[PDB]
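Input: a single structure, listed below in structure tokens.
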Amino acid sequence: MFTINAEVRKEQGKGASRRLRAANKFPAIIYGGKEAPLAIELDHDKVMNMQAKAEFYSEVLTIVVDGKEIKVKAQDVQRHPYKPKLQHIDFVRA
Amino acid sequence: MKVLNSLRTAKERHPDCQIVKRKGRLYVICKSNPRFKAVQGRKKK
Amino acid sequence: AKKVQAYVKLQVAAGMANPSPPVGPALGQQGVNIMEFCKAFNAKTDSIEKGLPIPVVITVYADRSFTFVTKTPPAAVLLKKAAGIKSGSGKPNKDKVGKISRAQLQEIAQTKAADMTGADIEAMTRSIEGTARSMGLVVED
Amino acid sequence: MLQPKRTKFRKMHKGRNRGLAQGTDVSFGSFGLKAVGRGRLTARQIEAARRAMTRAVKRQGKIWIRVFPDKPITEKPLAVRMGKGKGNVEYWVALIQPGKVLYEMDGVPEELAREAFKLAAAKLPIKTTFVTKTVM
RNA sequence: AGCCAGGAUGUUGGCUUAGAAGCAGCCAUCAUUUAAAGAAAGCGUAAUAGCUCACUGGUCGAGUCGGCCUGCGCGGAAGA
Ligand SMILES: [Mg+2]
Ligand SMILES: [Mg+2]
Ligand SMILES: [Mg+2]
């Protein structure tokens, strides 16, 4: 139902992540089960609004990366220390 | 009128209180109950 | 119905006629008689009972006196000598003071041939329930 | 007025106050008052602000104070040479880093907590912002 | 937004103090006629009050409201 669009990260680490967030994007991660974690990048404004409805944190969301669909549930979130912003999210494959 | 570096309050002391930017200061007008006027500033130097 | 022409309310109980300590000074002077507060006042008071306060309409174009015809007694005046106590709200809602009943006041309220709200003798009647509440009694309906 | 009941040592090196806050979510109440600046809250500041929010709600609902001033602050008075020993403890602060939840509150309408946190905010030397409980 | 309207009845509200008729303070915050109309919003007060609004009917006729991330600026700013 909630549909999130992501690209795989081509970089990693602090510099890259700080640069991602400077670009109104933000890093996230997909893990769980047999497959390997998938480092991804999400649109900040789009996901901010989604996660502002409690439904988000309990329903199965679908992330789209190269037209492939990953079914996940939100698992953890790191928020900005004092702004209405997101720094990072854990998703676990549901 | 009174001065004030803040109108948050003096703007709502009454229904006809307005807030205006005459010259380059902010005045709180209220031409019915004048005692409620204010400004934020006080001239050039 | 038309506009504003003399009309004021302020007495205490109808089994009197003009008393001094309540109002004395202030009860008529734009052609209205203090002294006259009798002939008209008891123009329908004696003919039924003395002890329900009924105030009532003035009327003065530019006259030296007034007429008015009266209407029905209040509602609050039906919670001291007919249903429960007099201390009023007493302490309106710390305890429930006293109580009324469904029977009480429905009949008495239901004799109003010139005041209330609603064509349903029940809707108007249900409204009367609210006043009894203003002074914190109990519902036994 | 808050103060440690007893401590291991009377006095404490000045130290520094870099870093981000810990304890950053509304973890007890429904709403919170959150720190945006870096700095010091005095025991009296916590109090001036605590009274106001408690005035503001007519002692309804419930209030939590998430900070505590466990840092002793000394001062040297007038007419004193430098040195000749460390000043005397005069007051207590809690060190605040951006993000510290300072006060939480619940049992009141969102509208009223904001008024109350707004009233306290006027008593503190650091910028703050209004926050809400969050699932996750 | 503006302007035309209305803003009625239990109820002159019982009652805490010397008035009280929302007319101060504490208590509650019910209820009817409806198009809506608060046992009130705050000016005012000998009691009335006689104001307006909260809320709704009309008129106009296409936008309007104020929170969020952020850029540059405004006021805050008086000395020999
Ligand atoms: Mg670096
Ligand atoms: Mg000029
Ligand atoms: Mg309009």
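We did not get these values from a lab; they are worked out from the coordinates using the rules stated. Heads up, the Cβs are rebuilt from the backbone with ideal geometry, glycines too, and the neighbour counts pull from every protein chain shown.
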Please report the Cα spread of chain A along all three principal axes, rounded to whole Å, starting with the longest. 29, 29, 20
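Would you mind ranking C:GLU49, A:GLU7 so that the residue whose beta carbon has the fewest other beta carbons within 10 Å leads the list? Mind dumping the intermediate values first?
Numbers: C:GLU49 10, A:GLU7 13.
Going from least to most buried by this count: C:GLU49, A:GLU7.
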Given charges at beta-carbon only (K, R positive; D, E negative), |dipole| of segment C:41-100 in Debye: 400 debye
Between the alpha carbon centres of chain B and segment C:33-80 the gap in Å comes to 54 Å
In whole Å, what is the distance between the alpha-carbon centres of segment A:22-88 and segment D:44-73? 37 Å
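With charges only on Cβ, +1 for K and R and -1 for D and E, what is the dipole size of chain C about its Cα centre, in debye, rounded to 20? Walk me through the numbers on the way to the answer.
Details: 19 positive and 12 negative charges, 72 e Å.
Magnitude of the dipole: close to 340 debye.
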Counting sequence-distant residues (5 or more places) and residues on other chains, those with an amide H built under 5 Å from that of A:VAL77 are A:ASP90
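Would you mind computing Rg(Cα) / (2.2 N^0.38 Å) for segment C:1-71, counting N as its residues?
Normalised by 2.2 N^0.38 Å, the Cα Rg of segment C:1-71 equals 1.09.
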Given the rule -39500 (n - 2.57) for each run of at least 4 DSSP H residues, summed and divided by the residues of chain C, what is its mean residue ellipticity at 222 nm, to the nearest 500 deg cm²/dmol? -3000 deg cm²/dmol
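Across every pair of different alpha-carbon atoms, what Kirkwood hydrodynamic radius in Å does segment D:21-136 reach?
About 15.1 Å, per the Kirkwood formula over Cα pairs.
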Distance violations [Cα-Cα > 31 Å] among A:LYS14/A:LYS46; C:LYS86/D:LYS62; A:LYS10/A:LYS73; B:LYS11/B:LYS43: C:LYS86/D:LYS62
Spelling it out for C:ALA75: with amide H atoms placed in the peptide plane at 1.01 Å from N, the residues 5 or more places away or on another chain with amide H under 5 Å from its amide H are none
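Over segment C:66-141, calculate the relative contact order: mean separation of alpha carbon pairs under 8 Å at least 6 apart, over the residue count, as a percent.
On the way: 71 pairs, mean separation 31.8, N = 76.
Relative contact order for segment C:66-141 comes out at 42 percent.
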Summing -39500 (n - 2.57) over every DSSP H run of at least 4 residues in chain A and dividing by its residue count gives a helix-only mean residue ellipticity at 222 nm, to the nearest 500 deg cm²/dmol, of -4500 deg cm²/dmol
Quick one: angle between helix C:123-134 and the longest Cα principal axis of chain C, in degrees between 0 and 90, rounded to 10, please. 80 degrees
Spelling it out for A:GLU7: with amide H atoms placed in the peptide plane at 1.01 Å from N, the residues 5 or more places away or on another chain with amide H under 5 Å from its amide H are A:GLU41
Cα-based helix-to-principal-axis angle, D:43-56 vs chain D, degrees rounded to 10: 20 degrees
Residue by residue through segment D:80-90, the couplings from Karplus 6.51 cos²θ - 1.76 cosθ + 1.60 with θ = phi - 60°, in Hz, x for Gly and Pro, are 10, 2, 5, x, 6, x, 6, x, 8, 5, 10
Rounded to whole Å and sorted largest first, list the principal axis extents of the Cα atoms in segment C:7-141. 51, 35, 24
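Viscosity 1.002 mPa s, temperature 20 °C: give me the Stokes-Einstein translational D for segment C:78-124 in µm²/s, with Rh taken as the Kirkwood radius over C-alpha pairs. Intermediate results must be reported in sequence, preceding the final value.
Values: Rh = 12.4 Å.
Roughly 173 µm²/s, to the nearest whole number.
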Over chain D, what is the mean sequence separation of C-alpha contacts under 8 Å (at least six apart), divided by residue count, expressed as relative contact order in percent? 43 percent
Note down the nm distance, to one decimal, between modelled labels 7 Å out along Cα→Cβ at C:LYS81 and at C:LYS39. 2.8 nm
Projected label distance in nm at C:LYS94 and B:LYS43, using a 7 Å step from Cα toward the beta-carbon: 6.1 nm
Which angle between 0 and 90 degrees, to the nearest 10, do you get for helix D:110-121 versus the longest principal axis of chain D when only C-alpha atoms count? 20 degrees
Label point distance in nm, B:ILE29-C:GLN110, each placed 7 Å from Cα along Cα→Cβ: 6.4 nm
Which is farthest toward the positive dipole end of chain C among C:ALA113, C:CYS38, C:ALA123, measuring Cα position about the Cα centre, with Cβ charges +1 (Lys, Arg) and -1 (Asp, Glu)? C:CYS38
